């Protein structure tokens, strides 16, 4: 599933993301997955990033059939249209690393942020 900019903002609010941090989250997501819940990316070290928030293989979700890693979730559960599991995990990564955990944010969202006044 691919969200429109405001569709994404709508879902994010629905999952309790801080309203004053919204422009950043939108910037992060648009730069990490283009608001696509099914995007996967394979990195050099052999790890994969899953879904909307491009959550990683090594540290946050398990590729197994059993939930695991720091988010205690199966990576496949982060490729669904429903983002509640991905959202809880993204909030857990943020709570620990702020926005620095995301490459896309780090070097694309330092300057100007998306206009979400229409949402």
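Numbering follows the first chain given and starts at 1.
> Tell me which stretch, 70-78 or 41-49, has the higher mean Cα B-factor listed in the entry.
Going by the record's values, the stretch with the higher mean is 41-49.
> Taking the mean of the C-alpha B-factors per stretch from the entry, tell me the winner out of 95-103 and 21-29.
Per the PDB record, 95-103.
> Among the chain's modelled residues, which third holds the C-alpha B-factor of residue 54?
Its C-alpha B-factor belongs to the lowest third of this chain's values.
> Classify residue 84 as lowest, middle or highest third according to the C-alpha B-factor given in the PDB entry, relative to its own chain.
Within its chain, residue 84 is a middle-third residue by C-alpha B-factor, going by the deposited values.
> In terms of the chain's CA B-factor thirds, is residue 61 lowest, middle or highest?
For residue 61, whose C-alpha B-factor we compare with every modelled residue in the chain, the answer is the middle third.
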